[PDB]
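Heads up: the structure comes next, in structure tokens.
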Amino acid sequence: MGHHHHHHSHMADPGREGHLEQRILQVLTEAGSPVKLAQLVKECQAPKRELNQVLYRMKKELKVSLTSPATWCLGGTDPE
């Protein structure tokens with residue numbers, strides 16, 4: 001798994017939505033494939049509620065794309 005050595009951001013992280021976003025993109029990259037929203041909950045260690053609001057913003061920023069109803073994917077890859 002590898003990523004399990006990371007916790008729920010124990011310290012006073014100066015931008016929780018940024019850290020959460022970095023998690024979502026990273027999970028999508030490790031798979032190299034569409035990751036489900038329900039799976040993004042357990043991986044990124046954040047509630048579906050919080051994920052949704054961030055994910056639509058990341059969609060506008062082309063960071064993520066929606067492949068299936070409640071299944072997300074990496075927006076191609078890192079924008080080179």
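Chain identifiers are assigned as A, B, and so on, following the order in which chains appear in the structure tokens; residues are numbered from 1 within each chain, and ligands are numbered from 1 in order of appearance.
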
For residue 49 (chain A): contacts at 12 Å, only C-alpha atoms, fewer than 5 positions along chain excluded, given as a PyMOL selection string: chain A and resi 37-38+40-41+54-56

Long-range neighbours of residue 28 (chain A) as JSON, numbers by chain, 7 Å cut-off, only C-alpha atoms, 6 positions minimum in chain: {"A": [34, 35, 73, 74]}

Which residues come within 10 Å of residue 9 (chain A), counting only C-alpha atoms, excluding same-chain residues fewer than 2 positions away, as a ChimeraX atom specification? /A:6-7,11-13,16,19-20,45

Convert the current residue selection to file output with N, CA, C and O atoms, as an mmCIF file, in the first residue's frame.
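In the end it all went to part_33.cif:
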```cif
data_model
loop_
_atom_site.group_PDB
_atom_site.id
_atom_site.type_symbol
_atom_site.label_atom_id
_atom_site.label_comp_id
_atom_site.auth_asym_id
_atom_site.auth_seq_id
_atom_site.Cartn_x
_atom_site.Cartn_y
_atom_site.Cartn_z
ATOM 1 N N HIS A 6 1.370 7.206 6.047
ATOM 2 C CA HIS A 6 0.822 8.561 6.264
ATOM 3 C C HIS A 6 -0.461 8.478 7.110
ATOM 4 O O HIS A 6 -1.253 7.555 6.943
ATOM 5 N N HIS A 7 -0.652 9.454 8.009
ATOM 6 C CA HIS A 7 -1.828 9.536 8.897
ATOM 7 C C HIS A 7 -2.870 10.529 8.316
ATOM 8 O O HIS A 7 -2.879 10.788 7.114
ATOM 9 N N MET A 11 -0.532 17.215 12.386
ATOM 10 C CA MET A 11 -0.109 18.599 12.681
ATOM 11 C C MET A 11 -1.164 19.606 12.184
ATOM 12 O O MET A 11 -2.120 19.232 11.484
ATOM 13 N N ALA A 12 -0.970 20.887 12.550
ATOM 14 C CA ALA A 12 -1.832 22.001 12.110
ATOM 15 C C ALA A 12 -1.494 22.376 10.657
ATOM 16 O O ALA A 12 -0.729 23.319 10.401
ATOM 17 N N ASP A 13 -2.020 21.566 9.723
ATOM 18 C CA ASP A 13 -1.756 21.698 8.284
ATOM 19 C C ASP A 13 -2.358 23.022 7.738
ATOM 20 O O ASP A 13 -3.568 23.226 7.854
ATOM 21 N N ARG A 16 -5.957 22.434 4.614
ATOM 22 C CA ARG A 16 -6.466 21.048 4.668
ATOM 23 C C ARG A 16 -6.993 20.571 3.300
ATOM 24 O O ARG A 16 -6.804 19.414 2.932
ATOM 25 N N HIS A 19 -4.091 19.643 1.090
ATOM 26 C CA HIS A 19 -3.489 18.343 1.492
ATOM 27 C C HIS A 19 -4.372 17.180 0.985
ATOM 28 O O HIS A 19 -3.877 16.167 0.475
ATOM 29 N N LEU A 20 -5.685 17.375 1.153
ATOM 30 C CA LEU A 20 -6.738 16.449 0.720
ATOM 31 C C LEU A 20 -6.720 16.286 -0.813
ATOM 32 O O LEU A 20 -6.860 15.174 -1.317
ATOM 33 N N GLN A 45 -8.932 9.614 3.590
ATOM 34 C CA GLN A 45 -9.275 9.654 5.030
ATOM 35 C C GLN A 45 -10.192 10.851 5.362
ATOM 36 O O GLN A 45 -10.192 11.365 6.479
#
```

Which residues in chain A does DSSP call strand (DSSP E or B)? List them as a list in words.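 Filtering chain A to strand (DSSP E or B) leaves residues 35, 36, 64, 65, 66, 67, 68, 71, 72, 73 and 74 of chain A.
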
Counting only C-alpha atoms, figure out which residue out of A:24, A:44, A:32, A:17 gets nearest to residue 4 (chain A). A:44

Hey, which of A:77, A:70, A:58, A:31 ends up closest to residue 18 (chain A)? Count only C-alpha atoms.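 The closest residue to residue 18 (chain A) is A:58.
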
I need the alpha helix (DSSP H) residues of chain A per DSSP on the backbone, written as a ChimeraX atom specification. /A:16-31,37-44,48-60

Report as a VMD selection string all protein, DNA and RNA residues lying within 9 Å of residue 62 (chain A), evaluated on only C-alpha atoms, omitting residues in the same chain fewer than 6 positions from it. chain A and resid 74 to 76 79

Selected residue of minimal separation from residue 5 (chain A) among A:60, A:43, A:53, A:36, counting only C-alpha atoms: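 Counting only C-alpha atoms, the residue closest to residue 5 (chain A) is A:43.
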
When distances are computed from only C-alpha atoms, which of A:64, A:71, A:33, A:8 shows the smallest separation from residue 46 (chain A)?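 Among the listed residues, A:8 lies closest to residue 46 (chain A).
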
Among A:15, A:42, A:2, A:21, residue 57 (chain A) is approached most closely, using only C-alpha atoms, by A:21

Which of A:39, A:10, A:80, A:25 sits closest to residue 59 (chain A) [using only C-alpha atoms]: A:25
